[PDB]
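S.K.: The following file, work-v2.pdb, comprises PDB, C-alpha atoms:
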```pdb
ATOM      1  CA  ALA A 180      16.437 -12.042 -10.697  1.00  0.00           C
ATOM      2  CA  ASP A 181      13.353 -10.857  -8.703  1.00  0.00           C
ATOM      3  CA  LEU A 182      15.354  -7.708  -7.822  1.00  0.00           C
ATOM      4  CA  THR A 183      16.674  -6.878 -11.335  1.00  0.00           C
ATOM      5  CA  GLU A 184      13.159  -7.496 -12.806  1.00  0.00           C
ATOM      6  CA  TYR A 185      11.807  -4.897 -10.298  1.00  0.00           C
ATOM      7  CA  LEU A 186      14.632  -2.499 -11.325  1.00  0.00           C
ATOM      8  CA  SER A 187      13.973  -3.083 -15.055  1.00  0.00           C
ATOM      9  CA  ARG A 188      10.190  -2.530 -14.751  1.00  0.00           C
ATOM     10  CA  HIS A 189      10.180   0.492 -12.425  1.00  0.00           C
ATOM     11  CA  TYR A 190      13.400   2.563 -12.601  1.00  0.00           C
ATOM     12  CA  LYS A 191      12.428   4.165 -15.921  1.00  0.00           C
ATOM     13  CA  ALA A 192      13.031   7.812 -16.930  1.00  0.00           C
ATOM     14  CA  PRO A 193       9.371   9.174 -17.253  1.00  0.00           C
ATOM     15  CA  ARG A 194       8.711   7.866 -13.706  1.00  0.00           C
ATOM     16  CA  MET A 195      11.669   9.536 -11.919  1.00  0.00           C
ATOM     17  CA  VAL A 196      12.681  13.146 -11.028  1.00  0.00           C
ATOM     18  CA  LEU A 197      16.092  14.752 -10.473  1.00  0.00           C
ATOM     19  CA  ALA A 198      15.364  17.341  -7.766  1.00  0.00           C
ATOM     20  CA  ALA A 199      17.767  19.927  -6.313  1.00  0.00           C
ATOM     21  CA  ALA A 200      17.635  22.837  -3.839  1.00  0.00           C
ATOM     22  CA  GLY A 201      20.320  25.374  -2.981  1.00  0.00           C
ATOM     23  CA  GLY A 202      23.289  27.252  -4.440  1.00  0.00           C
ATOM     24  CA  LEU A 203      22.966  26.092  -8.042  1.00  0.00           C
ATOM     25  CA  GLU A 204      21.899  27.277 -11.483  1.00  0.00           C
ATOM     26  CA  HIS A 205      19.141  25.215 -13.144  1.00  0.00           C
ATOM     27  CA  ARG A 206      21.308  25.199 -16.349  1.00  0.00           C
ATOM     28  CA  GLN A 207      24.065  23.031 -14.774  1.00  0.00           C
ATOM     29  CA  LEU A 208      21.510  20.704 -13.121  1.00  0.00           C
ATOM     30  CA  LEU A 209      20.117  20.257 -16.676  1.00  0.00           C
ATOM     31  CA  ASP A 210      23.692  19.825 -18.061  1.00  0.00           C
ATOM     32  CA  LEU A 211      24.577  17.092 -15.528  1.00  0.00           C
ATOM     33  CA  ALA A 212      21.239  15.370 -16.208  1.00  0.00           C
ATOM     34  CA  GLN A 213      22.112  14.970 -19.909  1.00  0.00           C
ATOM     35  CA  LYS A 214      25.697  14.063 -18.843  1.00  0.00           C
ATOM     36  CA  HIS A 215      24.828  11.158 -16.510  1.00  0.00           C
ATOM     37  CA  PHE A 216      21.121  10.162 -16.927  1.00  0.00           C
ATOM     38  CA  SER A 217      20.588  10.123 -20.743  1.00  0.00           C
ATOM     39  CA  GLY A 218      21.177   6.352 -21.212  1.00  0.00           C
ATOM     40  CA  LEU A 219      17.960   5.418 -19.358  1.00  0.00           C
ATOM     41  CA  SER A 220      14.889   5.393 -21.688  1.00  0.00           C
ATOM     42  CA  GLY A 221      16.183   6.523 -25.135  1.00  0.00           C
ATOM     43  CA  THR A 222      14.750   3.246 -26.553  1.00  0.00           C
ATOM     44  CA  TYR A 223      13.669   1.482 -23.285  1.00  0.00           C
ATOM     45  CA  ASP A 224      10.020   2.737 -23.569  1.00  0.00           C
ATOM     46  CA  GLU A 225       8.440  -0.761 -23.719  1.00  0.00           C
ATOM     47  CA  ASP A 226       6.259  -3.413 -21.883  1.00  0.00           C
ATOM     48  CA  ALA A 227       3.083  -2.826 -19.752  1.00  0.00           C
ATOM     49  CA  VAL A 228       4.085   0.564 -18.256  1.00  0.00           C
ATOM     50  CA  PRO A 229       2.521   0.172 -15.419  1.00  0.00           C
ATOM     51  CA  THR A 230      -1.088   1.224 -14.363  1.00  0.00           C
ATOM     52  CA  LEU A 231      -1.710   1.410 -10.604  1.00  0.00           C
ATOM     53  CA  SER A 232      -5.464   0.590 -10.171  1.00  0.00           C
ATOM     54  CA  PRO A 233      -7.705   1.888  -7.287  1.00  0.00           C
ATOM     55  CA  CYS A 234      -7.515   0.356  -3.823  1.00  0.00           C
ATOM     56  CA  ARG A 235     -10.776  -0.649  -2.151  1.00  0.00           C
ATOM     57  CA  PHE A 236     -10.964   0.823   1.365  1.00  0.00           C
ATOM     58  CA  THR A 237     -12.983  -1.329   3.740  1.00  0.00           C
ATOM     59  CA  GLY A 238     -14.265  -0.231   7.154  1.00  0.00           C
ATOM     60  CA  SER A 239     -13.121  -2.918   9.541  1.00  0.00           C
ATOM     61  CA  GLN A 240     -11.136  -3.714  12.688  1.00  0.00           C
ATOM     62  CA  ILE A 241      -7.862  -5.395  13.570  1.00  0.00           C
ATOM     63  CA  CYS A 242      -7.287  -5.954  17.311  1.00  0.00           C
ATOM     64  CA  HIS A 243      -3.975  -7.403  18.460  1.00  0.00           C
ATOM     65  CA  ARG A 244      -4.704  -7.979  22.150  1.00  0.00           C
ATOM     66  CA  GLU A 245      -1.443  -8.003  24.164  1.00  0.00           C
ATOM     67  CA  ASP A 246      -1.942  -7.268  27.922  1.00  0.00           C
ATOM     68  CA  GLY A 247       1.822  -7.707  28.493  1.00  0.00           C
ATOM     69  CA  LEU A 248       2.435  -4.300  26.876  1.00  0.00           C
ATOM     70  CA  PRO A 249       1.979  -1.320  29.303  1.00  0.00           C
ATOM     71  CA  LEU A 250       0.192   1.119  26.900  1.00  0.00           C
ATOM     72  CA  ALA A 251      -2.526   0.745  24.243  1.00  0.00           C
ATOM     73  CA  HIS A 252      -1.996   1.990  20.690  1.00  0.00           C
ATOM     74  CA  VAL A 253      -5.130   2.772  18.629  1.00  0.00           C
ATOM     75  CA  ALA A 254      -5.256   4.274  15.108  1.00  0.00           C
ATOM     76  CA  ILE A 255      -8.584   5.124  13.497  1.00  0.00           C
ATOM     77  CA  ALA A 256      -9.244   6.463   9.995  1.00  0.00           C
ATOM     78  CA  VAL A 257     -11.933   7.105   7.434  1.00  0.00           C
ATOM     79  CA  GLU A 258     -11.089   6.893   3.718  1.00  0.00           C
ATOM     80  CA  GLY A 259      -9.435  10.071   2.563  1.00  0.00           C
ATOM     81  CA  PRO A 260      -9.221  11.279  -1.046  1.00  0.00           C
ATOM     82  CA  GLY A 261      -5.925  11.089  -2.967  1.00  0.00           C
ATOM     83  CA  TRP A 262      -3.080  13.599  -3.547  1.00  0.00           C
ATOM     84  CA  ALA A 263      -5.033  15.422  -6.306  1.00  0.00           C
ATOM     85  CA  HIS A 264      -8.136  16.495  -4.364  1.00  0.00           C
ATOM     86  CA  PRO A 265      -8.698  20.173  -3.286  1.00  0.00           C
ATOM     87  CA  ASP A 266     -10.520  18.752  -0.161  1.00  0.00           C
ATOM     88  CA  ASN A 267      -7.087  18.064   1.439  1.00  0.00           C
ATOM     89  CA  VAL A 268      -6.551  21.721   2.420  1.00  0.00           C
TER
ATOM     90  CA  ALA B 194     -71.057 -14.440  25.357  1.00  0.00           C
ATOM     91  CA  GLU B 195     -68.513 -12.498  23.288  1.00  0.00           C
ATOM     92  CA  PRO B 196     -69.600  -9.221  21.476  1.00  0.00           C
ATOM     93  CA  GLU B 197     -65.898  -8.433  20.826  1.00  0.00           C
ATOM     94  CA  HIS B 198     -65.690 -11.539  18.504  1.00  0.00           C
ATOM     95  CA  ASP B 199     -65.583  -9.690  15.145  1.00  0.00           C
ATOM     96  CA  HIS B 200     -63.310  -6.880  16.401  1.00  0.00           C
ATOM     97  CA  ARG B 201     -60.660  -9.313  17.833  1.00  0.00           C
ATOM     98  CA  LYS B 202     -60.485 -11.197  14.513  1.00  0.00           C
ATOM     99  CA  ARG B 203     -60.098  -7.873  12.604  1.00  0.00           C
ATOM    100  CA  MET B 204     -57.205  -6.851  14.910  1.00  0.00           C
ATOM    101  CA  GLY B 205     -55.831 -10.402  14.584  1.00  0.00           C
ATOM    102  CA  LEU B 206     -55.455 -10.093  10.770  1.00  0.00           C
ATOM    103  CA  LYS B 207     -53.738  -6.722  11.352  1.00  0.00           C
ATOM    104  CA  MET B 208     -51.520  -8.366  14.049  1.00  0.00           C
ATOM    105  CA  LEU B 209     -50.539 -11.244  11.678  1.00  0.00           C
ATOM    106  CA  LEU B 210     -49.820  -8.902   8.699  1.00  0.00           C
ATOM    107  CA  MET B 211     -47.858  -6.421  10.890  1.00  0.00           C
ATOM    108  CA  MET B 212     -45.870  -9.268  12.445  1.00  0.00           C
ATOM    109  CA  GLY B 213     -45.181 -10.599   8.913  1.00  0.00           C
ATOM    110  CA  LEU B 214     -43.472  -7.241   8.246  1.00  0.00           C
ATOM    111  CA  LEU B 215     -41.871  -6.604  11.685  1.00  0.00           C
ATOM    112  CA  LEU B 216     -40.518 -10.098  12.484  1.00  0.00           C
ATOM    113  CA  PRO B 217     -38.246 -10.320   9.344  1.00  0.00           C
ATOM    114  CA  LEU B 218     -37.355  -6.592   9.640  1.00  0.00           C
ATOM    115  CA  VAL B 219     -36.264  -6.686  13.365  1.00  0.00           C
ATOM    116  CA  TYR B 220     -34.481  -9.982  12.500  1.00  0.00           C
ATOM    117  CA  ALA B 221     -32.494  -8.157   9.789  1.00  0.00           C
ATOM    118  CA  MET B 222     -31.777  -5.280  12.262  1.00  0.00           C
ATOM    119  CA  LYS B 223     -30.465  -7.812  14.821  1.00  0.00           C
ATOM    120  CA  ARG B 224     -28.494  -9.789  12.212  1.00  0.00           C
ATOM    121  CA  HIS B 225     -26.982  -6.497  10.806  1.00  0.00           C
ATOM    122  CA  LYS B 226     -25.551  -5.645  14.231  1.00  0.00           C
ATOM    123  CA  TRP B 227     -24.488  -9.248  14.997  1.00  0.00           C
ATOM    124  CA  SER B 228     -22.632  -9.297  11.581  1.00  0.00           C
ATOM    125  CA  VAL B 229     -19.422  -7.925  13.218  1.00  0.00           C
ATOM    126  CA  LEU B 230     -19.264 -10.846  15.653  1.00  0.00           C
ATOM    127  CA  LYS B 231     -20.694 -13.667  13.465  1.00  0.00           C
ATOM    128  CA  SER B 232     -18.076 -13.173  10.697  1.00  0.00           C
ATOM    129  CA  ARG B 233     -15.110 -12.324  12.987  1.00  0.00           C
ATOM    130  CA  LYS B 234     -11.857 -14.168  12.587  1.00  0.00           C
ATOM    131  CA  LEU B 235      -9.443 -15.096  15.391  1.00  0.00           C
ATOM    132  CA  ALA B 236      -5.720 -15.740  15.159  1.00  0.00           C
ATOM    133  CA  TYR B 237      -3.467 -16.816  18.024  1.00  0.00           C
ATOM    134  CA  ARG B 238       0.093 -15.598  17.698  1.00  0.00           C
ATOM    135  CA  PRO B 239       2.231 -16.637  20.785  1.00  0.00           C
ATOM    136  CA  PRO B 240       6.022 -15.783  20.966  1.00  0.00           C
ATOM    137  CA  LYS B 241       9.054 -17.953  19.981  1.00  0.00           C
TER
END
```
What would you get if you wrote out this structure as C-alpha cells?

M.R.:
Amino acid sequence: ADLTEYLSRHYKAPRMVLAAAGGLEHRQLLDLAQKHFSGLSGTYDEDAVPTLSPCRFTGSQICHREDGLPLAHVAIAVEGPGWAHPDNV
Amino acid sequence: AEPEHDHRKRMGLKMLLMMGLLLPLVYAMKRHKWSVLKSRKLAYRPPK
C-alpha cells in the first residue's frame, strides 16, 4: 500500500519523459507513445501535484572514526547552485 | 606623596569602560570558536 501510493502520486505523465537515441524516426517514437502510454493522465490530473521545496544547506561535520580501516575517506563541499544556474559552466 | 593621583583615576575610568567593551567581546569571540565543540554530538556505533 505504501508502494502503490508512491506509484499513484509520482508516476504521472507530465512528470515523465520517453527518451530515445539511435536508428529511429521521431514519428514512430511519437506513434508508439500514443499506442502504449496514453492511458496515464487523460483524467488522472488530480491531488497535491507535488511541490518540492528548497533544502537548507548547513555547514557542518560528520566524522565516523574507524581506525580499523586502512585508508581515510574525506568529502568536502560548499553549497552549489541548482541545475538551472549559468554559474555551473 | 602622589602627583599622579588624578591621572591614574582618569586612566582607570578609561580602563573600566574599555574592559566593559572588550571583556564581553573577547568572550563572544572565544564562545564563537568553542561553539563547534560545546554543541557537538557523539554516537557510539560498535559492530554486531

S.K.: Identify all chain B residues at most 12 Å from chain A by counting all atoms listed in the file; ligands do not count. Present them as an NGL selection string.

M.R.: :B and (228-230 or 232-240)

S.K.: Filtering to C-alpha atoms, could you give me those residues as a compact mmCIF listing (two decimals), in the frame of the given file?

M.R.:
```txt
# COMPACT_ATOMS: atom_id res chain seq x y z
CA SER B 228 -22.63 -9.30 11.58
CA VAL B 229 -19.42 -7.92 13.22
CA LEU B 230 -19.26 -10.85 15.65
CA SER B 232 -18.08 -13.17 10.70
CA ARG B 233 -15.11 -12.32 12.99
CA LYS B 234 -11.86 -14.17 12.59
CA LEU B 235 -9.44 -15.10 15.39
CA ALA B 236 -5.72 -15.74 15.16
CA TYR B 237 -3.47 -16.82 18.02
CA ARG B 238 0.09 -15.60 17.70
CA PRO B 239 2.23 -16.64 20.78
CA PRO B 240 6.02 -15.78 20.97
```

S.K.: If you count all atoms listed in the file, which residues fall within 12 Å of residue 219 in chain A, apart from same-chain ones fewer than 5 positions away, as a PyMOL selection string?

M.R.: chain A and resi 186-187+189-195+212-214+224

S.K.: Please, what distance in Å, to one decimal, runs between CA of residue 206 in chain B and CA of residue 222 in chain B?

M.R.: 24.2 Å

S.K.: Can you sort out the box for range 239-242 of chain A, edges along x, y and z, all listed atoms in, 3 Å on every side, with centre and edge lengths in Å to one decimal, as lines of an AutoDock Vina configuration file?

M.R.:
```
center_x = -10.2
center_y = -4.4
center_z = 13.4
size_x = 11.8
size_y = 9.0
size_z = 13.8
```

S.K.: Would you compute the distance between CA of residue 210 in chain B and CA of residue 225 in chain B? Give it in Å to one decimal.

M.R.: 23.1 Å

S.K.: If you measure from CA of residue 200 in chain A to CA of residue 217 in chain A, what distance in Å do you get, rounded to one decimal?

M.R.: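 Going from CA of residue 200 in chain A over to CA of residue 217 in chain A, I get 21.4 Å.
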